[PDB]
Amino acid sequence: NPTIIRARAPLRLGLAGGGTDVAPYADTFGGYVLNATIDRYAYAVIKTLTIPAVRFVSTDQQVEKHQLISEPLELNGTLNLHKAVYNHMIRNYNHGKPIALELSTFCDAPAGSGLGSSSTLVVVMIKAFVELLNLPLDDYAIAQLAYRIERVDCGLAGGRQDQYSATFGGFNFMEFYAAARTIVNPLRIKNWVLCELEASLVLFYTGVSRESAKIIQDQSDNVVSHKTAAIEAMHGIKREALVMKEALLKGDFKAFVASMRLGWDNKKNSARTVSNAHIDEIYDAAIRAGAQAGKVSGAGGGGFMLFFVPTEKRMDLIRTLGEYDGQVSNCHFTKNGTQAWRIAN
């Protein structure tokens, strides 16, 4: 009988260090990222089919259908990530015999949101197959596989932090070294600290970023072409990620906001398009309204912004942001990583 599986994986806020996890920097100097998963998800669904076909459906409702063939599916530029996950699973776990199924995805945030959805989507597709095939893949293995599939098989450039947040969940401080070596440090944050942090964070969706590819290219060029000042901006991004991690472990909110301010200055100095006049206007208005610090989540150039605001100024900040283009929301963290469940069989 037909099997139906669903999997979900949480999206993430990049709190600090983002950009240091990308190849040239992470391989040369070692990267640090502090991130935390939130209550918005990417999803994948597998439905086994009673016809000899394979169908792929994407979040923006592109759809491809193929006949059941004993060769890997071609990565032709349409739904490459879906096909690459399918190819890997059929080759490695099903002895190369095609499985008739429909693989679909959807997501609580669109592309370019600064919430890590591209890689989170790959993780959740892998997780659905883990559940379908009953695979003993541990969390490190799932995150590493997602990296391989996206960055190598599909050749899409980027870092490592999103694969780990989507898989592990929670607040994590990650260390990135050469030869694909990553250490995930789960942060066991005190309950009062988590509550205080949620009470002090405001999220603001500014619109779609089209800058991620350019920023990552620029940051990689900084290192390769030895751009001294821009490399030093990246060293600053790294330093402040460690300062922020220690601030959260110590419940030191003064140090937390200071590190976010320094981090944001460094991040903007690392690549030209991280911020722009539009983002700066919103940032300036938020600070005037009483926010103490803020930043763009993800590479930069648009997507979600996050602000730290003392509770007595929170409603004023929310009102102020209402006057700008974009959507305000609260910030609610999740402790669980990717999960799967069955609906049929």
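Numbering starts at 1 and runs along the sequence shown.
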Would 313-321 or 61-69 have the larger average of its C-alpha temperature factors, as given in the entry? 61-69
Can you tell me whether 334-342 has a higher mean C-alpha B factor than 1-9 in this record, or the other way round? 1-9
In terms of CA temperature factor as recorded, identify the highest of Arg160, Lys190, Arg261, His95. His95
Among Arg55, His278, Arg40, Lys295, the highest C-alpha B-factor in the PDB entry belongs to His278
So where's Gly155 on the chain's Cα temperature factor ranking, which third? highest
Report the third (lowest, middle or highest) to which the CA temperature factor of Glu175 belongs, ranking only the modelled residues of the same chain. lowest
Mind checking which third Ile90 falls in for C-alpha B-factor across the chain? middle
Would you check the entry's CA temperature factor for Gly31 and let me know if it's in the chain's lowest, middle or highest third? middle
Name the third of the chain's ranked CA B-factors that contains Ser165, choosing lowest, middle or highest. lowest
